[PDB]
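A.B. asks: Take this sequence and fold it.
(chains A and B)
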Amino acid sequence: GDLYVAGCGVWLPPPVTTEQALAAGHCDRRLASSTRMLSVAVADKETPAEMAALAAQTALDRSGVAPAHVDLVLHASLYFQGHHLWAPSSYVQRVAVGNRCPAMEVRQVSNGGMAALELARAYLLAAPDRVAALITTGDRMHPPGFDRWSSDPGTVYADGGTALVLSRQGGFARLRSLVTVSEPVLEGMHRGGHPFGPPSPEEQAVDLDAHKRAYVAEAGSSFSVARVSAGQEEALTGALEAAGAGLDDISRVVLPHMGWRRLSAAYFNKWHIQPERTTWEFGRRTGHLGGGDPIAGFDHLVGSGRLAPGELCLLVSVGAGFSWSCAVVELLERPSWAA
Amino acid sequence: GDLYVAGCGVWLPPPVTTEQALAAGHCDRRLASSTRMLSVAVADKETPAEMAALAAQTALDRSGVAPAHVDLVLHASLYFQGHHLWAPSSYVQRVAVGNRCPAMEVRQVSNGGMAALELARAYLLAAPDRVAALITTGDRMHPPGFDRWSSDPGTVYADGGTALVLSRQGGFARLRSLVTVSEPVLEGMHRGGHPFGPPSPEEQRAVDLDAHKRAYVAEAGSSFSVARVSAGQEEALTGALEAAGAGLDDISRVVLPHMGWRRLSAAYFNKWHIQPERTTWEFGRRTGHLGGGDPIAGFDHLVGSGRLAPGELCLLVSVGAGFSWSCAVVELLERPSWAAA
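C.D. replies: Numbering: from 1, shown residues only, chains lettered A, B, ... in the order given. The structure is reproduced below:
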């Protein structure tokens, strides 16, 4: 039947406050106000696979699942993993699991974690003897290639790792539904070249805002806004229906750690929900963790006791492409590690 | 095993000869002689996703599978796809499929194609209504970030795309077995930092794999490294053959990675005692190493040129840094219409 969350965990490097970022010329007064961010997790020496491995160790310890029962390891990220022609998933496996199941990367930009979750679910269900799968995320968004404040204005990017242990056997939470929606007509929005033609040649800084204006120019603003809207609506409604629930049945909404303006436009003023019913306060101190926001968010809600037995949680995730994922998770019991 | 290959395709940019490489100083006489490479596919303008999409079109058209029946799109690669925070697999879906199933990237360095094949298989088997899945590969290995001749001496890297359509419903070949083996103890071989500690900080290029191998071996020991790599290969081969109820003698054609002659001799010819003539050696040496797409390219070559015949078993052999190994036994059921005699 259904699948469980058996464990989860994060590794978050020390927060850099918006005030420190203001002082350092990293962001201006206006972006501080438009996003309402308070802090962002920023790494010093730690690389992405390192942070993913650390998070996985926590998630595995809490899961009580033996390495021999981890049948798949999936590592998701959206930025450079540190070494080309190197297998970071294999690093995660060596360090946090030490078994010999297949280990590979799964990427879907800011939706990677949920994309990996989709494939993990499938892998587990594809054979009767499979027990658990480990999913991690990790990213390090440092100069010179990335500017966490302005590479994509309205979202502030974080360094860190997240991890989740999925199981067919049991756990403290139950995966009631998981739905992914794809709207590839939008792919050109995040690259150079003609939106409906081939991509421009390579581009390793990073400047999303320019590509989005070029896209809207060619496709039309009305078409663009409507497609994003429709894709978001289809994933929400799809996940809720699959779980037998409505938004009113949902106690907590895990939202992407985007800036306030984006969250209001996409969620608060659209679904008419209150920020206190979401992970808004957590996100604005944390920052966008690549494809791992929903994992960090759900971990937070559970670890802090904000989610109680019987209650439903809604994970909301979006990635350039576009792809949207939504999941409904039911908390069965408060894990040992919660407070 | 009950999955089928319904289609497959490649898009290879024009070949650059070893002679031209020699003349331009990319290749010395010793490297030409040890690898025995004739040519390598090199793109001019074409980007990785672009070549992936071109191969997918060919693969889908051949398969005759409708977009509505493509339930998953997986794009595999081992090098920079061209634009950060952009979805290459969404490009491939838009250009080549035009549908709305999930589209995502799967990577496992040079074993990427087979790694995506594992996940695609699982996905299809995970729900009764599912039909087909599209797997693509695409890379572009240009300077100054990468050196196709020198970055990993002994293997010459190609630009290009490949694609495969996997169906539960039917196709011209049957996937009889697919087996994946993992030795994460070797991950350190392809990066800086201590092989058994954390990675060194972000390498700002150019890719130098031999530097890392020497450092790994110096630390872990040559004896240990060679034996583990060998054991991994052996497990995948034996696992795949046994899962198919076959022995190596029952295999008509072996699709090998497109590595240099010296490496293929060491890994395969002098190890398994199989005839290079029975392998995709001649094809690979004109193509180069297509990231994680060689087993797709090689199988496509064997089928397209009629070198593989109904009832005959084919062995796919793939390996990537990590290490990860995949082998697969594919039974050809009928010559498709795009195939020569």
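A.B. asks: residues touching residue A:312, list them.
C.D. replies: Contacts for residue A:312 (C-beta atoms under 8 Å, 6 or more residues apart in numbering or on different chains) come out as A:176, A:243, A:245, A:249, A:250, A:251, A:328, A:329, A:330, A:331. Placement of C-beta: from N, CA and C, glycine included.
A.B. asks: let's see 7 Å
C.D. replies: Applying C-beta atoms under 7 Å, 6 or more residues apart in numbering or on different chains, one finds that residue A:312 lies in contact with A:245, A:249, A:250, A:251, A:328, A:330.
A.B. asks: same deal with residue A:253?
C.D. replies: Residue A:253 makes contact with A:273, A:277, A:278, A:314, A:316, according to C-beta under 7 Å, 6+ apart.
A.B. asks: before we move on, back to that, pull out the buried residues from the contacts of residue A:312.
C.D. replies: Buried residues within the contacts of residue A:312, counting neighbours by 16 or more other C-beta atoms under 10 Å in any protein chain shown: A:245, A:250, A:251, A:328, A:330.
A.B. asks: could you pick out which of these are near chain B?
C.D. replies: Residues of those in contact with chain B (C-beta under 7 Å from any C-beta of the partner chain): none.
A.B. asks: taking those one by one, which sit in strands?
C.D. replies: Among these, DSSP state E puts A:250, A:251, A:328, A:330 in strands.
A.B. asks: Is it possible to get CSV of the residues you listed that adds distance to residue A:60?
C.D. replies: Listed next are those as CSV, based on distance: C-beta to C-beta, whole Å:
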residue, distance to residue A:60
A:250, 29
A:251, 27
A:328, 24
A:330, 22
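A.B. asks: any idea which of the residues you listed is closest to chain B?
C.D. replies: Lowest distance from chain B to those (C-beta to the nearest C-beta) belongs to residue A:328, with 18.0 Å.
A.B. asks: doesn't residue A:237 make contact with that closest one?
C.D. replies: No. Look at residue A:328 against residue A:237 with C-beta atoms under 7 Å: they stay out of range, at 11.7 Å.
A.B. asks: Would you mind measuring from residue A:60 to residue A:167?
C.D. replies: 11 Å (C-beta to C-beta, to the nearest Å).
A.B. asks: how about the contacts of residue A:312 in JSON lines, adding distance to residue A:215?
C.D. replies: Below are the contacts of residue A:312 laid out as JSON lines (distance: C-beta to C-beta, whole Å):
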{"residue": "A:245", "distance to residue A:215": "34"}
{"residue": "A:249", "distance to residue A:215": "36"}
{"residue": "A:250", "distance to residue A:215": "32"}
{"residue": "A:251", "distance to residue A:215": "37"}
{"residue": "A:328", "distance to residue A:215": "32"}
{"residue": "A:330", "distance to residue A:215": "38"}
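A.B. asks: which residues touch residue A:5?
C.D. replies: Contacts of residue A:5 by C-beta under 7 Å, 6+ apart are A:164, A:166, A:171, A:172, A:173, A:175, A:329.
A.B. asks: if we go to 8 Å?
C.D. replies: By C-beta under 8 Å, 6+ apart, the neighbours of residue A:5 are A:164, A:165, A:166, A:167, A:171, A:172, A:173, A:174, A:175, A:298, A:329.
A.B. asks: State the helix or strand in which it lies.
C.D. replies: strand A:3-11 (DSSP states H and E).
A.B. asks: Parallel or antiparallel, which strands does that strand pair with?
C.D. replies: strand A:160-167 (antiparallel), strand A:173-182 (antiparallel) (DSSP bridges).
A.B. asks: Give the burial count for the closest residue to residue A:106 other than its chain neighbours, as a bare number.
C.D. replies: Spatial nearest neighbour of residue A:106, excluding adjacent residues (C-beta to C-beta, 6 or more residues apart in numbering or on different chains): residue A:116 at 4.1 Å. If you count neighbours by other C-beta atoms under 10 Å in any protein chain shown, residue A:116 ends up with 33.
A.B. asks: Over to the one 10 residues further on?
C.D. replies: Taking other C-beta under 10 Å as the criterion, the count of residues near residue A:126 is 17.
A.B. asks: With residue A:45 instead?
C.D. replies: Neighbours around residue A:45, by other C-beta under 10 Å: 9.
A.B. asks: gap between it and chain B?
C.D. replies: From residue A:45 over to chain B the distance is 7 Å, taken as C-beta to the nearest C-beta, to the nearest Å.
A.B. asks: excluding its backbone neighbours, what's nearest that residue?
C.D. replies: Nearest residue to residue A:45, sequence neighbours excluded (C-beta to C-beta, 6+ apart): residue B:201, at 7.0 Å.
A.B. asks: roughly how far is the strand holding residue A:5 from the heart of the chain?
C.D. replies: Strand A:3-11 has its C-alpha centroid displaced from the chain centroid by 13 Å (C-alpha atoms, centre = their mean, to the nearest Å).
A.B. asks: Quick check: next helix or strand after it?
C.D. replies: In N-to-C order, the element after strand A:3-11 by DSSP H and E is strand A:15-17.
A.B. asks: okay, the helix or strand following that next one in CSV with CA atoms only?
C.D. replies: The helix or strand immediately downstream of strand A:15-17 is helix A:18-23, counting by DSSP H and E. Only the C-alpha atoms of helix A:18-23 are listed here, as CSV (Å, rounded to 0.1, in the frame of the first residue of the first chain):
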residue,chain,number,x,y,z
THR,A,18,19.9,40.6,6.4
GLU,A,19,21.5,43.3,8.4
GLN,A,20,25.0,41.7,7.8
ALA,A,21,24.1,41.4,4.1
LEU,A,22,23.0,45.0,3.9
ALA,A,23,26.2,46.2,5.6
